[PDB]
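See below for the structure under consideration.
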Amino acid sequence: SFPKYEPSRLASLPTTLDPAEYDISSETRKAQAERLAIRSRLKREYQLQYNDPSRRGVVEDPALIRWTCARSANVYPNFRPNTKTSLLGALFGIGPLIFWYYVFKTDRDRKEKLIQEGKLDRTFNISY
Amino acid sequence: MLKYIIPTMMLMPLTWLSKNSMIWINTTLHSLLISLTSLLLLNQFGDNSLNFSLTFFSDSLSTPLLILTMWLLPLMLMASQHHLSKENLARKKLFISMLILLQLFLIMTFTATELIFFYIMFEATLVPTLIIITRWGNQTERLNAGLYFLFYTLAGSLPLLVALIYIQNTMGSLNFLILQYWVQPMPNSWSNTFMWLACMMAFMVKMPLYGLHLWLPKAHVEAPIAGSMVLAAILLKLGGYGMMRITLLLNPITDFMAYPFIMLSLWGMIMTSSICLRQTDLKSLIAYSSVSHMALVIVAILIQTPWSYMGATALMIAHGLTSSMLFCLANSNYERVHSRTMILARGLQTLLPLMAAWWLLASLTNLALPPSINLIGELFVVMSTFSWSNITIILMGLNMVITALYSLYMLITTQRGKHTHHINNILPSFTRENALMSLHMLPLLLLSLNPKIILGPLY
Amino acid sequence: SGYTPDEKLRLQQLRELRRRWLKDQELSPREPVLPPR
Amino acid sequence: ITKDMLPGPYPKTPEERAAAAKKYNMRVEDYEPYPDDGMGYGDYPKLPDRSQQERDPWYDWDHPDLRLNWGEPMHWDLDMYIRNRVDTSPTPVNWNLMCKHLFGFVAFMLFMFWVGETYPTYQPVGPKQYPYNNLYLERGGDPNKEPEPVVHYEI
Amino acid sequence: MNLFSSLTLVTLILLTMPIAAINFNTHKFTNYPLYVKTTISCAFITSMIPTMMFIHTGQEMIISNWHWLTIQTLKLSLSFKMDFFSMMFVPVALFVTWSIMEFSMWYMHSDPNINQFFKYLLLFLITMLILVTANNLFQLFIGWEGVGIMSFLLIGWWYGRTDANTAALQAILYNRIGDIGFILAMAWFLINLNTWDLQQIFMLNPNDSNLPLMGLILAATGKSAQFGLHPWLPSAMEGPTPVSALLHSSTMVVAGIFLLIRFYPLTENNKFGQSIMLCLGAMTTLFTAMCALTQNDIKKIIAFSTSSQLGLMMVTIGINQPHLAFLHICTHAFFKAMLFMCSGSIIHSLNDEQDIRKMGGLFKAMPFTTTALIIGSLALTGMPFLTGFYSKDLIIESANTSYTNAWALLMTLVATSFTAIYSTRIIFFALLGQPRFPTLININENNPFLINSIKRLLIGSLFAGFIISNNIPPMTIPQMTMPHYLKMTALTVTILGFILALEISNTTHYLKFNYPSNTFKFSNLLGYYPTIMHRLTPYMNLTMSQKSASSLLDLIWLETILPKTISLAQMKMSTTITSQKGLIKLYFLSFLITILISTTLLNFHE
Amino acid sequence: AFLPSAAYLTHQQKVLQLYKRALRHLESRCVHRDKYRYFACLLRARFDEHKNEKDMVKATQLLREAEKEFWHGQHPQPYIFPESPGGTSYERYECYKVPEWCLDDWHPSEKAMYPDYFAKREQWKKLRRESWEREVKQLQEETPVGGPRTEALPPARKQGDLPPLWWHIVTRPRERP
Ligand SMILES: CCCCCCCCCCCCCCCCCC(=O)OC[C@H](COP(=O)([O-])OC[C@H](O)COP(=O)([O-])OC[C@H](COC(=O)CCCCCCCCCCCCCCCCC)OC(=O)CCCCCCCCCCCCCCCCC)OC(=O)CCCCCCCCCCCCCCCCC
Ligand SMILES: CCCCCCCCCCCCCCCCCC(=O)OC[C@H](COP(=O)([O-])OCC[N+](C)(C)C)OC(=O)CCCCCCCCCCCCCCCCC
Ligand SMILES: CCCCCCCCCCCCCCCCCC(=O)OC[C@H](COP(=O)([O-])OCC[N+](C)(C)C)OC(=O)CCCCCCCCCCCCCCCCC
Ligand SMILES: CCCCCCCCCCCCCCCCCC(=O)OC[C@H](COP(=O)(O)OCCN)OC(=O)CCCCCCCCCCCCCCCCC
């Protein structure tokens, strides 16, 4: 019939084409109502502070603080050197250094050989 | 040099004998007078350096660093007087004494004729900086920051000391003027290899070299505002100054000893700039941008051409002004929202339009908009590295893409979009704050009219 | 089905307060009171 | 803010998973951490990897430009999935078919520019004729030397 | 000499004077936009005098008036090149900008920051004339990055809109990718020719000019939105309509083309660079005119129109016709700025409606906008003896009768038919038929600013190709002998485009509903290039920016190998040294072991 | 899926949202008003055929293949209203929507330029700070134990009370400030 939508990492599945969107089961209703309850509690807790006349400042979000703490300070306490982190740390850490070393070294050896053999055109090159 | 050293020391009785309401005004006034006085160092010659005495000299490398150093002290006092308003009076005077003492150590770091006196002033700068960070920094991590800043330096600099004393035993002198004429070639050997590392790694830590840079996004982030201003604007440039002096003695071994470090810098400026694309802390983003900018100065000093040294000293002066202004802008938002999270306070151009114009100008100078001296230094380093190897333009040009991308992202996140609804303490910009921004930005833009004074000794 | 009566009542009261607020954004005929040039 | 509301280590026991689900303001049945492979995520939730563009724009968001509520657990790459940046929204054409069509179009055009370069068009004319030995002195030829005579005839 | 150089510098200083006025102000201005518009009309009048005395004698000069900086053998001076390119581009840019600003006094009247808008628009004009009047690469780079930054600030004019900020940063990103090639060219010319001045570049005339011309072609690909670096120009329609009319149609986006016209003594001796420019321009003019066939936002259609015209300019550079390319710049400025101004008149009369599916019936309701839109669409498609005829028809005749990549010629002709197709798409959905806009009609174009600003570009779009093409000196030999099917190629292809798209437009009224094909979805979703490349390339960068660079290296491994392992080692050695049980017996037993190792094992007693 | 009051969409709400999306995409495909009007009546006839369907599994199946029908037949560039999300004028004026609290930071010389406005602003501020404690104690005497279930707020129940959490709804900026 119709071409089936193939979702990707950068093009997700639509809400209207997802089979779990049409679940009418009571456990999904309980999960949706419990998510609505958490969101309504956080909403009320936010807008009781947001609408306060005496408040003058920043309504601190512990979710934002929690995110910025996870992105920076919690990383090394939760690092374990294993096969994955060592093979990724050495591929992306010293791999490009070896690569650009051999590229620039081969280029400058070739250019130095051409200059000392009098082959590189260096006719008007006096700024360096 | 003693016409600058003695007024800088006279700032100490000036701050300790001032009336309690006058200690910012008096030190600001007389440090501005010292900074006006610093232009007499522009008596530079096309052949000779300005050689005052046996102890002090000033060529066209040290002179702009001195003028920038003496200029940064009033701006640090203006930046720091607001958040230290509730401080004890004696601790306030001790803070100003640490800034004065740091200026005193810096101005005879840059003018030290002899290299071991350079070493002693160079390492003497650590103690006021460590005290400022660990005593007047805001958070817990300042203590850990004070350790990293202390121990990446000394572990690099204690082999330098030995190396310098070895030169003292070999050449008979560490006078830089004598070493200009008595320099002997340094051949390929293992002894000269570790001689090269001992001469270079302390300054590699100070720049910082990529991979050795980890002290900086703790030390510049956890510092107070004057600490971050002097760390980014001056103390990184002790490494570049020291390299430009010390690589006289390291030829011709540098021609292959530079190859790893150049790689560490050329890829490192790709890494740290990319890191700036995903920084959530604004002050950390400015710190990583400093690592990325100093990577070019490392490459330019290691390839040691005239164009590269001219670009490296122009880029050091330009980065000093730009990074100090960027830390002051980030502090002006921190002193309102009390968080360094960049995504927190958004849409600030709707609330603070003139400060948004300062953000715009500092971002444009950060991305090296021509004809700023940022672009002059950037471009001259790119010319010299293209002559070094034509492939470097890839890693150069890609850097200039990413440098634009994090500069405007910082400008788009904080200034543009919708303002945060729940933040209602965004005060209008104080005259002190706009003054601080203009005293960074107006000299930076006026140096584009006459950039030859910041092009160094081989202009 | 449309609103609940609580939603109708809350929107009516917010509507009255909002229209009072928007009426209070009009200037007086003397405003803006400028300094003498 | 305090210590038991900050992120911590990876949750192993189910009561630790429950209390860290309570910390990030979300259900235990919805809380999934990143897999404990030592990359440094800790107990931080693996949220479903969607852009903020996919959020409902008509909802009363606390942060309307970000489409994000207060207290909602932010994605690890929230600064990456802002609407200024990476969009993951569903596309009218499938991703693989888009890649096939774009690559096929670009490759076909480059191939046909190569073909037309190998077989160029021209006009049924001879070469353009210039006097004075094909303008030898005008093109920068030195006057002390003398070139071969380039002679053009009438036709 | 003294008249020429003085009025040359008076034009530029006069443009800088309202910037000095707005920066030195205390009051609320009595119509600062009128002052900037009066200043630019006067700069047009002042720039016409050196233009006339170039038309008289061919009088050219270089004003190297301020020595700025000598880097040992590179003397950098503030140097202005008053040649044919500056002498024609400066009056055309000033005339177009004067119409854009009298349009902006109407279109931006509700804007509370209209003085900042006119300040930014004048700063763009100053940086653009710095670009086109420059004699060295550093000053050209100042103008180049300056028009990039004013493009950023004017695309993101409504800065609370996320799409405006995204489009502005996208324009920056693609132009910095081109600036890689610009700085490559500057590096090559400095290292190999010891200069950034154009005169020493042209006098040395290097034969190995592959790499600097590849850099210049990359710079033009960024700046003129050629294929690969194209989508920022349709994204740049997020800015206000005078920004799209001034910068992104007529003045800024030709700068890359202008750059390759400025280096024509190098491109004329490099057949490889000519073939690269030819294939790149033909690719661009096919692809963007194909994308324009199915768009519905009127500014997107005009943006793909001007990127197709920039592709045509790149084609006529690639066939070694740089003066026809410059003629097409000066010609294209008039009618394309006027087409954006007519679109903005429609958008303002329909309450910021920009989709052509909610237009229609505007033939009689907006008669002056209709007249000027039809005249501009005929000038765009190369109606005979309108302004686009005097450049584009010569471009097609020269591309036919030359030693050319035949696929590039054929794609240029298919793009020429596509121009007629999207031009009548504009005329059909915007002007013809019956209304599709909402019921409260606020249609009004009776402002003197709107009428006069469209009127001067209308007189331009009628007569400027004739006047310029009869005033400029011959710089090549025009090919005027060709067979009848090859002389009549452009007109026949344009007429076939009009006929075929009349068929396409009349099939829209039929009561048939077909599912869209893959060709329609390829044209409509922009060849899938901004969908893939703007999702995939940021993703792979930003993950790499956080996972590898931030987390793995500079929070973990560069933290692990130097400081953390050293600290753990010194902690472990500290705990081994200080784990002594306080027993005198064990310490003296260690002293005995010390003496035995010193005597027997180390021989410290010999 | 994601709604402030309801926890989900009902089947009837899903059908009506599909019907509106399908008519808007059909109008994008079918530009002219008579041609749209014909095909919109045909689409309404397709929706009225299965309107009286009592089997909810059959109705859910019809809704699911109708969503597949829509996803195949949608317009690649549908018409978006200009101030609507994704529109060309969406969130354009947010840079001009200065919040009201910034008026508290004005200098007295520029507050004196608008005497009647700020005199009228102060009685709004007085009304808000005398209404705040009554509306907080209204919310806490009406929210059940464990927190609110939905995000709906109650109205004012007494004569003299204002609705709870009203200030940023009432004093929000204009769409054209
Ligand atoms: C030795 C004597 C020297 C005399 C000449 C001066 C030389 C330059 C010095 C520095 C000048 C900067 C001062 C203005 C900017 C900062 C303050 C500000 O924003 O005020 C806004 C305010 C007006 O705005 P507003 O409406 O009231 O409020 C602002 C809004 O909130 C919203 O604001 P906004 O965003 O709408 O408007 C900001 C706008 C934003 O616009 C931009 O950001 C776009 C700019 C970039 C693109 C366009 C330029 C590209 C490059 C071309 C120009 C350079 C080369 C030109 C030569 C030909 C080609 C080679 O910026 C401007 O319009 C400023 C115009 C000048 C820009 C200079 C370049 C900055 C870009 C970044 C670095 C680029 C390289 C360095 C160039 C250095 C050249 C010397 O201006 C003032 O009130 C000015 C106050 C007085 C300024 C004095 C300047 C000199 C100070 C030096 C003192 C000592 C020497 C004595 C000389 C005194 C002369 C009078
Ligand atoms: C910031 C972290 C990294 C810091 C790196 C600092 C530099 C790294 C290299 C330092 C080497 C040691 C000092 C060398 C001084 C050179 C002086 C000289 O004349 O050398 C030639 C002399 C030669 O001896 P000589 O000169 O007496 O002999 C006469 C000359 N010939 C050889 C011809 C007969 O070299 C040496 O004597 C030894 C040099 C190597 C020393 C090896 C031991 C130290 C290893 C490195 C330790 C680095 C720091 C470790 C801590 C890290 C952090 C906790
Ligand atoms: C409204 C104010 C205007 C002036 C009002 C009062 C005067 C009234 C009218 C009389 C005119 C004044 C007398 C004549 C002027 C002075 C003439 C003279 O010899 O001046 C000495 C010199 C002329 O140059 P010079 O070659 O003699 O000296 C330069 C100095 N050395 C040699 C050391 C390099 O300086 C000037 O004139 C300075 C003004 C320059 C004007 C342009 C400024 C552009 C700024 C751009 C900054 C960035 C550039 C980067 C790019 C550069 C290119 C790559
Ligand atoms: C003559 C030769 C001609 C050669 C032509 C072909 C060469 C180039 C090939 C393509 C490379 C560039 C294109 C890919 C990057 C494009 C990035 C971009 O524009 O992203 C836009 C994206 C959102 O835009 P969009 O979704 O369209 O907006 C709709 C409203 N939400 O916005 C975002 O997602 C924001 C992301 C910000 C960070 C971007 C990180 C990526 C940076 C890539 C740098 C590449 C450098 C290449 C260097 C080459 C050196 C020679």
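By convention in this document, the chains of the structure tokens carry letters A, B, ... by their order, each chain's residues are numbered from 1, and ligands are numbered from 1 in the order they are shown.
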Original post:
Using only C-alpha atoms, which residues sit within 12 Å of residue 126 of chain A once same-chain residues fewer than 3 positions away are excluded, as a VMD selection string?
Top reply: (chain A and resid 122 to 123) or (chain B and resid 305 to 307 384 387) or (chain E and resid 71 to 74 189 to 195)
Please, which residues of chain E lie no more than 12 Å from chain A when the count uses only C-alpha atoms, and can they be set out as an mmCIF file with C-alpha atoms, in the first residue's frame?
```cif
data_model
loop_
_atom_site.group_PDB
_atom_site.id
_atom_site.type_symbol
_atom_site.label_atom_id
_atom_site.label_comp_id
_atom_site.auth_asym_id
_atom_site.auth_seq_id
_atom_site.Cartn_x
_atom_site.Cartn_y
_atom_site.Cartn_z
ATOM 1 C CA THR E 70 54.596 48.181 7.288
ATOM 2 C CA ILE E 71 55.282 44.524 8.112
ATOM 3 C CA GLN E 72 58.922 44.614 6.906
ATOM 4 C CA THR E 73 58.215 44.327 3.195
ATOM 5 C CA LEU E 74 54.423 44.459 3.176
ATOM 6 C CA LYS E 75 53.378 48.097 3.291
ATOM 7 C CA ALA E 187 48.214 33.494 2.584
ATOM 8 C CA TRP E 188 49.189 32.284 -0.881
ATOM 9 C CA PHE E 189 49.576 35.805 -2.272
ATOM 10 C CA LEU E 190 51.647 36.939 0.709
ATOM 11 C CA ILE E 191 53.947 33.924 0.697
ATOM 12 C CA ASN E 192 54.415 33.603 -3.057
ATOM 13 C CA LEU E 193 54.035 37.167 -4.376
ATOM 14 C CA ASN E 194 54.935 39.218 -1.237
ATOM 15 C CA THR E 195 51.789 41.293 -1.606
ATOM 16 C CA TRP E 196 48.159 41.820 -0.818
ATOM 17 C CA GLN E 200 51.616 43.468 -7.724
ATOM 18 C CA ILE E 201 49.406 40.352 -7.935
ATOM 19 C CA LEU E 204 53.635 39.265 -11.186
ATOM 20 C CA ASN E 205 50.853 37.140 -12.807
ATOM 21 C CA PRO E 206 51.639 33.674 -11.400
ATOM 22 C CA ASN E 207 51.213 30.587 -13.555
ATOM 23 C CA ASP E 208 50.764 28.190 -10.607
ATOM 24 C CA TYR E 515 -0.588 12.586 -4.671
ATOM 25 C CA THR E 531 17.229 18.721 5.983
ATOM 26 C CA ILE E 532 20.193 16.336 5.986
ATOM 27 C CA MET E 533 23.199 18.636 6.351
ATOM 28 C CA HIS E 534 21.689 20.881 9.017
ATOM 29 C CA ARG E 535 20.749 17.865 11.121
ATOM 30 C CA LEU E 536 23.711 15.558 10.523
ATOM 31 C CA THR E 537 26.715 17.907 10.529
ATOM 32 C CA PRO E 538 25.703 19.793 13.738
ATOM 33 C CA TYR E 539 24.892 16.452 15.454
ATOM 34 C CA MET E 540 28.269 14.881 14.668
ATOM 35 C CA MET E 544 32.021 15.243 19.410
ATOM 36 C CA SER E 545 32.173 18.579 21.192
ATOM 37 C CA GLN E 546 30.741 17.074 24.383
ATOM 38 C CA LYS E 547 31.346 13.317 24.510
ATOM 39 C CA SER E 548 34.898 13.183 23.159
ATOM 40 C CA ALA E 549 36.360 16.647 23.706
ATOM 41 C CA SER E 550 34.668 17.814 26.911
ATOM 42 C CA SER E 551 33.879 14.622 28.808
ATOM 43 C CA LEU E 552 36.274 11.915 27.622
ATOM 44 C CA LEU E 553 39.444 13.967 27.239
ATOM 45 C CA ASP E 554 39.332 17.163 29.271
ATOM 46 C CA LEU E 555 37.186 15.931 32.132
ATOM 47 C CA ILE E 556 38.444 12.350 32.277
ATOM 48 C CA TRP E 557 41.616 11.232 30.533
ATOM 49 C CA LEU E 558 43.749 14.359 30.533
ATOM 50 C CA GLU E 559 42.564 14.594 34.131
ATOM 51 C CA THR E 560 43.406 10.931 34.697
ATOM 52 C CA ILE E 561 46.941 10.623 33.370
ATOM 53 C CA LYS E 564 44.805 12.096 39.439
#
```
**OP:** For chain B, list the residues within 10 Å of chain F, counting only C-alpha atoms, and write the list as a PyMOL selection string.
**Re:** chain B and resi 347-351+416-421+423-428
**OP:** For segment 319-331 of chain E, list every protein, DNA or RNA residue within 9 Å, evaluated using only C-alpha atoms, and leave out those in the same chain fewer than 2 positions away; present the list as a ChimeraX atom specification.
**Re:** /E:85,88-89,92-93,250-251,254,257-258,260-262,264,267-268,271,274-275,277-278,309-310,312-317,333-336,387-388,390-392,394-395,398-399,402-404,460-461,464-465,468-469,475-476
Could you write out that same residue set with N, CA and C atoms as a compact mmCIF listing (two decimals), in the first residue's frame?
```
# COMPACT_ATOMS: atom_id res chain seq x y z
N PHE E 85 35.06 48.79 -12.16
CA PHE E 85 34.20 48.03 -11.26
C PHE E 85 33.64 48.92 -10.16
N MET E 88 31.24 51.71 -11.72
CA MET E 88 29.86 51.35 -11.99
C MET E 88 29.12 50.81 -10.78
N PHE E 89 29.79 50.11 -9.86
CA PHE E 89 29.05 49.47 -8.78
C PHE E 89 28.62 50.47 -7.71
N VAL E 92 25.31 52.31 -8.68
CA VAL E 92 24.20 51.37 -8.71
C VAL E 92 23.81 50.95 -7.30
N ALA E 93 24.80 50.71 -6.44
CA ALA E 93 24.53 50.37 -5.05
C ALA E 93 23.91 51.54 -4.30
N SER E 250 20.68 42.05 -4.05
CA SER E 250 21.26 42.95 -5.03
C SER E 250 22.67 43.39 -4.71
N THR E 251 23.05 43.50 -3.45
CA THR E 251 24.29 44.19 -3.11
C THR E 251 25.30 43.30 -2.40
N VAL E 254 26.37 39.54 -4.27
CA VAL E 254 27.19 39.54 -5.48
C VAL E 254 28.67 39.70 -5.17
N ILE E 257 30.91 36.93 -6.23
CA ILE E 257 31.02 37.10 -7.67
C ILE E 257 31.94 38.26 -8.00
N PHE E 258 31.77 39.37 -7.28
CA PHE E 258 32.61 40.55 -7.46
C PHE E 258 34.07 40.23 -7.18
N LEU E 260 35.59 37.35 -7.68
CA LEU E 260 36.15 36.67 -8.83
C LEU E 260 36.21 37.57 -10.04
N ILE E 261 35.40 38.62 -10.08
CA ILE E 261 35.53 39.58 -11.17
C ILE E 261 36.75 40.45 -10.91
N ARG E 262 37.09 40.65 -9.63
CA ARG E 262 38.22 41.50 -9.30
C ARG E 262 39.54 40.83 -9.68
N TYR E 264 40.02 38.78 -12.31
CA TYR E 264 39.96 38.24 -13.67
C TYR E 264 41.30 38.12 -14.42
N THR E 267 42.09 34.49 -13.46
CA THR E 267 41.17 33.47 -13.92
C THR E 267 41.21 33.31 -15.43
N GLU E 268 41.61 34.36 -16.16
CA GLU E 268 41.64 34.27 -17.61
C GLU E 268 42.80 33.43 -18.12
N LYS E 271 42.52 27.75 -17.07
CA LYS E 271 41.36 27.07 -17.63
C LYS E 271 40.73 26.13 -16.61
N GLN E 274 38.49 28.25 -14.48
CA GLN E 274 37.32 28.58 -15.28
C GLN E 274 36.34 27.42 -15.36
N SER E 275 36.85 26.20 -15.50
CA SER E 275 35.98 25.03 -15.54
C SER E 275 35.32 24.78 -14.19
N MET E 277 34.59 27.14 -11.93
CA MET E 277 33.57 28.18 -11.79
C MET E 277 32.38 27.91 -12.70
N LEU E 278 32.63 27.39 -13.90
CA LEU E 278 31.56 27.09 -14.84
C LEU E 278 30.66 25.98 -14.31
N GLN E 309 20.50 33.50 -10.19
CA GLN E 309 21.17 34.54 -10.97
C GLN E 309 22.64 34.67 -10.60
N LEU E 310 22.98 34.43 -9.33
CA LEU E 310 24.38 34.38 -8.93
C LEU E 310 25.08 33.18 -9.54
N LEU E 312 24.27 32.06 -12.48
CA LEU E 312 24.48 32.50 -13.86
C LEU E 312 25.67 33.45 -13.97
N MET E 313 25.87 34.31 -12.97
CA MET E 313 27.05 35.17 -12.92
C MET E 313 28.33 34.35 -12.79
N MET E 314 28.29 33.29 -11.99
CA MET E 314 29.43 32.40 -11.86
C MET E 314 29.71 31.64 -13.16
N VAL E 315 28.65 31.29 -13.90
CA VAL E 315 28.80 30.70 -15.23
C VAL E 315 29.52 31.66 -16.17
N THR E 316 29.05 32.90 -16.24
CA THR E 316 29.70 33.82 -17.18
C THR E 316 31.07 34.30 -16.71
N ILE E 317 31.42 34.12 -15.44
CA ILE E 317 32.84 34.19 -15.09
C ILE E 317 33.57 32.97 -15.65
N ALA E 333 20.73 44.15 -9.95
CA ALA E 333 20.45 44.94 -8.74
C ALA E 333 19.10 45.65 -8.82
N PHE E 334 18.82 46.30 -9.95
CA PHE E 334 17.60 47.09 -10.14
C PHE E 334 16.35 46.24 -10.03
N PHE E 335 16.19 45.26 -10.92
CA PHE E 335 14.94 44.53 -10.92
C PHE E 335 14.82 43.57 -9.75
N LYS E 336 15.92 43.10 -9.16
CA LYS E 336 15.74 42.17 -8.07
C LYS E 336 15.42 42.89 -6.76
N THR E 387 16.10 45.74 -18.89
CA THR E 387 17.47 45.82 -18.39
C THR E 387 18.16 44.46 -18.36
N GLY E 388 17.42 43.38 -18.09
CA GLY E 388 18.00 42.05 -18.07
C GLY E 388 18.38 41.52 -19.43
N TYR E 390 20.10 43.28 -21.66
CA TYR E 390 21.40 43.80 -22.04
C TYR E 390 22.56 43.08 -21.37
N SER E 391 22.29 42.22 -20.39
CA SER E 391 23.33 41.37 -19.82
C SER E 391 23.06 39.89 -20.07
N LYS E 392 21.89 39.38 -19.69
CA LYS E 392 21.64 37.94 -19.65
C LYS E 392 21.58 37.33 -21.05
N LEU E 394 23.23 38.45 -23.69
CA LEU E 394 24.63 38.36 -24.09
C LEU E 394 25.35 37.21 -23.39
N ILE E 395 24.98 36.92 -22.14
CA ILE E 395 25.56 35.80 -21.41
C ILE E 395 25.20 34.48 -22.07
N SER E 398 27.05 34.20 -25.41
CA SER E 398 28.46 33.90 -25.23
C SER E 398 28.68 32.50 -24.70
N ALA E 399 27.77 31.98 -23.88
CA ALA E 399 27.90 30.62 -23.38
C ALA E 399 27.60 29.60 -24.46
N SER E 402 31.01 29.20 -27.47
CA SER E 402 32.32 29.18 -26.85
C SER E 402 32.73 27.75 -26.55
N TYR E 403 34.03 27.57 -26.33
CA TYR E 403 34.58 26.27 -25.97
C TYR E 403 34.21 26.00 -24.52
N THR E 404 33.16 25.21 -24.31
CA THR E 404 32.45 25.19 -23.04
C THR E 404 32.15 23.74 -22.67
N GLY E 460 14.77 52.39 -13.44
CA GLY E 460 15.99 51.62 -13.58
C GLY E 460 15.79 50.31 -14.33
N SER E 461 14.75 49.56 -13.96
CA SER E 461 14.47 48.28 -14.60
C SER E 461 14.00 48.43 -16.04
N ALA E 464 18.03 51.05 -17.43
CA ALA E 464 19.39 51.08 -16.90
C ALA E 464 20.31 50.15 -17.67
N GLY E 465 19.79 49.02 -18.16
CA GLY E 465 20.60 48.15 -19.00
C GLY E 465 21.02 48.82 -20.29
N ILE E 468 23.62 51.79 -19.23
CA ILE E 468 24.91 51.25 -18.82
C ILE E 468 25.61 50.55 -19.98
N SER E 469 24.89 49.73 -20.74
CA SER E 469 25.52 49.01 -21.84
C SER E 469 25.94 49.92 -22.99
N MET E 475 35.53 45.85 -23.40
CA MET E 475 36.66 45.21 -22.74
C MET E 475 36.98 43.84 -23.33
N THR E 476 36.05 43.23 -24.05
CA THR E 476 36.31 42.01 -24.81
C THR E 476 35.91 42.27 -26.25
```
**OP:** Counting only C-alpha atoms, collect the residues of chain C whose closest atom lies at most 6 Å from chain F, and write them out as a list in words.
**Re:** residues 10, 18, 31, 32, 33 and 34 of chain C
**OP:** Rounded to one decimal place, report the atom CA of residue 9 of chain E-atom 2 (C, counted along the ligand's line) of ligand 3 distance in Å.
**Re:**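 Distance between the two atoms: 13.9 Å.
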Subject >> Straight-line distance linking atom CA of residue 34 of chain E with atom 49 (C, counted along the ligand's line) of ligand 1, stated in Å to one decimal >> reply: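 About the pair atom CA of residue 34 of chain E and atom 49 (C, counted along the ligand's line) of ligand 1: they are 22.1 Å apart.
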Determine, using only C-alpha atoms and all ligand atoms, which residues of chain B have any atom at most 7 Å from an atom of ligand 3, and tabulate each with its shortest atom pair and distance in Å to one decimal place, rows ordered by chain and then rising number, as CSV.
```
residue,atom,partner,partner_atom_place_in_ligand_line,distance
B:371,CA,ligand 3,50 (C),5.3
B:448,CA,ligand 3,48 (C),5.3
B:449,CA,ligand 3,47 (C),4.6
```
Just write the chosen residues, N, CA and C atoms, as a short mmCIF file (atom, residue, chain, number, x, y, z; two decimals), in the first residue's frame.
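Dumped everything to selection.cif:
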```cif
data_model
loop_
_atom_site.label_atom_id
_atom_site.label_comp_id
_atom_site.auth_asym_id
_atom_site.auth_seq_id
_atom_site.Cartn_x
_atom_site.Cartn_y
_atom_site.Cartn_z
N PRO B 371 39.11 45.41 11.22
CA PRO B 371 40.56 45.37 11.44
C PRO B 371 41.02 45.36 12.89
N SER B 448 43.72 49.51 16.81
CA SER B 448 43.65 49.26 15.37
C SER B 448 44.12 50.44 14.55
N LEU B 449 44.04 51.66 15.09
CA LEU B 449 44.54 52.83 14.38
C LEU B 449 46.06 52.80 14.28
#
```
**OP:** Using only C-alpha atoms, determine which residues lie at most 7 Å from residue 15 of chain B, disregarding the query and same-chain residues fewer than 6 positions distant; provide the list as a count of residues only.
**Re:** 3
**OP:** Write down as a count of residues only the residues belonging to segment 341-521 of chain E that are assigned helix (DSSP H, G or I) by DSSP computed on the backbone.
**Re:** 120
Subject >> atom CA of residue 212 of chain E to atom CA of residue 186 of chain E, straight-line distance in Å >> reply: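 These atoms are spaced 7.8 Å apart.
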